[PDB]
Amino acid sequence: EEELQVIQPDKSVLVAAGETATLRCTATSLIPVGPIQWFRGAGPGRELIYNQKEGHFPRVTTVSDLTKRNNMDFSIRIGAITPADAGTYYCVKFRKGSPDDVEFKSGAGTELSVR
């Protein structure tokens, strides 16, 4: 079985102010276990955008149902886009660890810009 990859097929997404951005991501394996999260930015100062495991993210909807057993689609839609949303978004796989979940693989990132 090949190692899990996180595929972000789009380098750049361009969205009219007020519309919805769709940010695509696929994970190629269900192993190792752990949630997918999305961030804007890649620093230690990156901003959390979506966490599969928990949290309230009112403007984010997931394209697929992440509770389905075979799900590999981690694409999200972010609603009511404004210029403050512009930046680079990364879809990131975590594995389980102690004391907590650890980052396992990041996607290559998708630029969101606003027209």
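So that there is no doubt, residue numbering starts at 1 and follows the sequence shown.
Of the other compared PDB entries of this protein that include residues on both sides, all give residue 63 atoms, none of them, and so not a third, leaving it without. Among the other PDB entries of this protein that were compared and that flank it with modelled residues, residue 97 is modelled in all, so it is never left out in a third of them. Averaged over Cα atoms, the B-factor as recorded in the entry is higher for 92-100 than for the other of 7-15 and 92-100. Ranking 72, 63, 36, 84 by the C-alpha B-factor listed in the PDB entry places 84 at the top. Among all modelled residues in this chain, the alpha-carbon of residue 31 has a temperature factor (C-alpha) in the highest third. When the modelled residues of the chain are ordered by their C-alpha B factor, residue 48 lands in the middle third.
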